Amino acid sequence: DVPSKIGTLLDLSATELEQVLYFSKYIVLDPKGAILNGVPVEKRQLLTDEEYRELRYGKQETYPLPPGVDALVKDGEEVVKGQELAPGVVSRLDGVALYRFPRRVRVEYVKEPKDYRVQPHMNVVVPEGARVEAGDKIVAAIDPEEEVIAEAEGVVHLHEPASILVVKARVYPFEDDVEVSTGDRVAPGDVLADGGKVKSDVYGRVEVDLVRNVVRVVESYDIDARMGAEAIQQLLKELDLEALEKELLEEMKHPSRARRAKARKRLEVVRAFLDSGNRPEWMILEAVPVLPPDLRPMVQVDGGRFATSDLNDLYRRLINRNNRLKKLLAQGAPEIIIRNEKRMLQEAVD
Amino acid sequence: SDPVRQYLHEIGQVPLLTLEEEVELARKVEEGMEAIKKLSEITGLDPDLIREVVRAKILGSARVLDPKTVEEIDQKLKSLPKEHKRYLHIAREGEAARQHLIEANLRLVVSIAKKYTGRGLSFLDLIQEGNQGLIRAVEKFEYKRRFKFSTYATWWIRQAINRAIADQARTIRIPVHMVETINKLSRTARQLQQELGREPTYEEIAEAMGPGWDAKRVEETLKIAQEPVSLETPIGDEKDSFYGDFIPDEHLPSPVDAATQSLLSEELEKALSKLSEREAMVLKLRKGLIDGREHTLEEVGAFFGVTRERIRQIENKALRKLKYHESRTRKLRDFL
DNA sequence: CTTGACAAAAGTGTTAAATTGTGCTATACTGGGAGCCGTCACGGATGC
DNA sequence: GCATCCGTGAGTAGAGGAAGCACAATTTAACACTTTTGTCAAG
């Protein structure tokens, strides 16, 4: 209803309100010391989907190598933007390079460069440049008939990766048990492993590699940005109507006619809420009332056929979507599926 | 504006997995499930409880059991020595792999769901019901058999969509087995119609359905399968007339019926005045005029302190006096 | 008004049979489909 | 000064108008039997 009462209180445009309410953009509620493009992130700032993931998860990209060709970059080597990883493709960002699926494993025995072919159903269990004693597994397999084991002691070399993953992170070698696990978030100075010997130097998400026995901290922030009516309800609950009224009264003295006209329209909505006693956050529904059944009847006509009102079908749609969302939340569904359900629930209420 | 296009744009940001990528994630999920079971055995906790704690950490703080006990239990898992801490790491990586495997197969459900439109559910409702089948397939998938994921997941995605149609597409819900009978009955009549060159009778339909079917059972099933009609459906060209304007209400009594009820009560009270004090009072208790409900001969006896059989003769005597007066006045026959 | 009756109408387990609710299926399959101009004309309110 | 969005347009009457299957849970019906409740005859 033009102009929107929620938009007037929160100082949000009509198009900005639709993007948040219907899950198209995020809004920042707690920046948590995040910097975007060299500019720190402030509250009430609208983020796109690409911007949010970059801040929350970090940068990485996978480059698929053509079959047969071999990478010019060793595993675990820091690279730069524009540096060519393969003879045909180049890296578009700077970070650590990792092997994804080495198709051939070459071991230098001590007595001898034997070559082993690795199938998609086989996974290598030892890291590159690892001194592997006789009898230790080198490549694992589903069926032990095709499994490859170590004939003699030597150094294992990896070659022909399926693709190269470049991720902006920090690598911390360790020897003892780690203090954190995959999916945790750390701050500079936090202990990582070896009883304080290794400590993180940057915010980020930590994943623990057991094959390479190293700790990686993918550079990201614990930023608090949310979508939907749950984010709008958070902002409306934190409003101080008394403090907003005093600010608007000061803007009422501006020489410009336009400034005084805009401050008066915001003040009129604020004054109505202060005098009536209503709360601004009551404009977001938590419980939906249901009409009595006799005003939306289901009656049997004289011939035996049934007649029903349209309100019954509109209630049934909302209940079905509300129940499905509960089951999806209890199953730990990914955020893409959850966001779709929430967008359908808002439209059902509308 | 278009919710369908927004969803298709979002699922297009997750690239399709390769054969090597598909196998590695499935192995990680299978190993992650195995590591959780061992931890519950070692720690003496409920396996369903440990999985929730591990799942909560992976999903982060952006998800609304209280978190005061989640972090405390996490310390218990991390307080184990190195020999037992490996199972914790394997469990964490498995749940992350499970999330990636689900998101990479969201195009498969879309291609299946487009073949079920026009059957009582919207396209976005079919997609969300098919997403639940995809989640179940990840749990039960086995990568040792060397079959691809889409071979097995297609069974589970179709089942969820088909079951959701049979449970939500009708205002008056019909059980799953009865829905299948209605669908089979419609297929049979369509086949006979193109063979006979005309609409079949109920006797032809019953014979083709098989044993246990006669024309009466065919007619009853067709009567069950009728959908209610809307009260707001218009009739005519101009939009000022609707179905609901021609349906009378027959629950509330009419003004005529309300008045004859009170006229009868007033005449019945004047007749009872000719009786004695107890003869009338016993009659009212037995017939249920005071409390609204009748009382047993014994119940009336307990009210006055008298036996059961005494009530029968005194109640019968009052009736004889009423019949005698009634024949002399004819003020009570019209109400009958 | 109180006893002995007397069958009857109603109440109470017990159990077999209809009826209903639910899980499962292993070749491989991975971004929708209908629209489609005598598009109604004019005033008011908002945002640039 | 102008582009974009949104709500408004007389009354009464009529008269037609596309999956299976296996199996576990649950509900219902049938059937006896026990108990309660009127009638009848006294008295």
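We name chains A, B, ... by the order of the sequence lines, and we start the count at 1 in each one. The figures here come from the full heavy-atom set of this structure, side chains too, leaving out hydrogens, waters and symmetry mates.
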[M] on [N]: ring centroids within less than 5.5 Å and planes tilted under 30°:
N	M	value
C:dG38	C:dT39	no
C:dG44	C:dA45	yes
C:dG32	C:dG33	yes
C:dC29	C:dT30	no
D:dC5	D:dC6	yes

Does a side-chain N or O from [X] land closer than 4.0 Å to OP1 or OP2 of [N], or not?
X	N	answer
B:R158	C:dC24	no
B:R136	C:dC24	yes
B:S150	C:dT30	no
B:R312	D:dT39	yes
B:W155	C:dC24	no
B:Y7	C:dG31	no
B:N105	C:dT30	no
B:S111	C:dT30	no
B:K148	C:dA26	no
B:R187	D:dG20	yes
B:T151	C:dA28	yes
B:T307	C:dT2	yes

Ignoring hydrogens and angles, answer whether the base of [N] and the side-chain atoms of [X] contain a donor-acceptor pair closer than 3.5 Å.
X	N	answer
B:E238	D:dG14	yes
B:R163	C:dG23	yes
B:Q313	D:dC40	no
B:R308	D:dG38	yes
B:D237	D:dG16	no

Using Watson-Crick or G-U wobble geometry with both distances below 3.5 Å, tell me the partner of [N], or none.
N	answer
C:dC29	none
C:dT39	none
D:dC40	none
D:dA32	C:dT12
D:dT12	none
D:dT27	C:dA17
C:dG4	none

Give the nucleotide from the list [options] with an atom nearest to the side chain of [X].
X	options	value
B:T296	D:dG38, C:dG31, C:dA26	D:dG38
B:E309	D:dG38, C:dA28, C:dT3	C:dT3
B:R119	D:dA18, C:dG32, C:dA26	D:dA18
B:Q159	C:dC24, C:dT2, C:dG31	C:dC24
B:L108	C:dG32, C:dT30, D:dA19	C:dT30
B:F147	C:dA28, C:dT30, C:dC1	C:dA28
B:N183	D:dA19, C:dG21, C:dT30	D:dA19
B:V110	C:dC24, C:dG31, C:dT19	C:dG31
B:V306	C:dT2, C:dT27, D:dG38	C:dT2
B:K140	D:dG16, D:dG38, C:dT25	C:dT25

Can you tell me how far apart [atom1] ([X]) and [atom2] ([Y]) are? Round to the nearest 0.5 Å.
X	Y	atom1	atom2	value
B:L16	B:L106	CG	CG	10.0 Å
B:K144	A:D143	NZ	CG	10.0 Å
A:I338	A:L328	CD1	CG	5.0 Å

Rounding to an integer number of angstrom, what distance separates [N] and [M] when you compare their [atom1] atoms?
N	M	atom1	value
C:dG32	D:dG16	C1'	40 Å
D:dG17	C:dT25	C1'	50 Å
D:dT12	C:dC36	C1'	41 Å
D:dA24	C:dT19	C1'	13 Å
D:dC40	C:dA5	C1'	9 Å
D:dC2	C:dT39	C1'	23 Å

Query raised in the report: In terms of the angle between their ring planes, are A:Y26 and A:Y52 parallel, tilted or perpendicular, with boundaries placed at 30° and 60°?
Result: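 Ring orientation of A:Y26 relative to A:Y52: parallel.
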Query - Sole candidate of B:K274, B:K317, B:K321 that passes side-chain hydrogen bond (donor to acceptor under 3.5 Å, both in side chains) when paired with B:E279 - result: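 One option only clears the test, and that one is B:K321.
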Requested in this report: Report the glycosidic orientation of D:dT36: syn if within 90° of 0, anti in every other case.
Outcome: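 What D:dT36 shows is an anti base, its glycosidic angle lying more than 90° from 0.
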Query raised in the report: Are the charged groups of A:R100 and B:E21 less than 4.0 angstrom apart, N to O?
Result: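 Salt bridge between A:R100 and B:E21, a charged N being under 4.0 Å from a carboxylate O: no.
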Query raised in the report: What nucleic acid atoms does B:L16 come within less than 4.0 Å of, heavy atoms only: base, sugar-phosphate, or nothing?
Result: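 Answer is base: heavy atoms of B:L16 come under 4.0 Å of a base.
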Requested in this report: Check every strand shown and say whether B:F141 touches a base, only sugar-phosphate, or nothing at a heavy-atom separation below 4.0 Å.
Outcome: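 Touches a base.
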Requested in this report: Check whether any side-chain heavy atom of B:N105 lies under 4.5 Å from a side-chain heavy atom of B:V109, and answer yes or no.
Outcome: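 Of all side-chain heavy-atom pairs linking B:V109 with B:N105, none is under 4.5 Å.
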Query raised in the report: Between B:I161 (CD1) and C:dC24 (P), how many Å, whole number?
Result: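 It is 18 Å, rounded to the nearest whole Å.
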Query raised in the report: What is the distance, rounded to the nearest whole Å, between atom CD of B:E232 and atom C1' of D:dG17?
Result: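 Whole-Å distance recorded here is 17 Å.
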Query - Neighbour count >12 (heavy atoms, 6.0 Å) for atom CZ, A:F306 - result: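 Enclosed.
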Requested in this report: Please say whether the positively charged group of B:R158, taken as NZ for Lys or CZ for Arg, lies over the ring of B:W155, i.e. under 6.0 angstrom from the six-membered ring centre and within 45 degrees of the axis.
Outcome: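 Relative to the ring axis of B:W155, which defines the angle, B:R158 lies inside both limits.
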Query - Closest-nucleotide ordering on DNA chain D, the 5'-leading residue of B:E180 and A:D1 - result: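 This one resolves to A:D1.
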Query raised in the report: How about B:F141 and B:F149: are their ring centres within less than 6.0 Å of each other?
Result: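 Under 6.0 Å, so yes.
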Requested in this report: Flag as yes if B:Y152 stacks onto the base of C:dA26 (centroids under 5.5 Å, planes under 30°), otherwise no.
Outcome: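 One would call B:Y152 stacked on the C:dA26 base.
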Query raised in the report: Read from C1'-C2'-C3'-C4', is the pucker at D:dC23 north or south?
Result: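 That sugar belongs to the south family, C2'-endo side.
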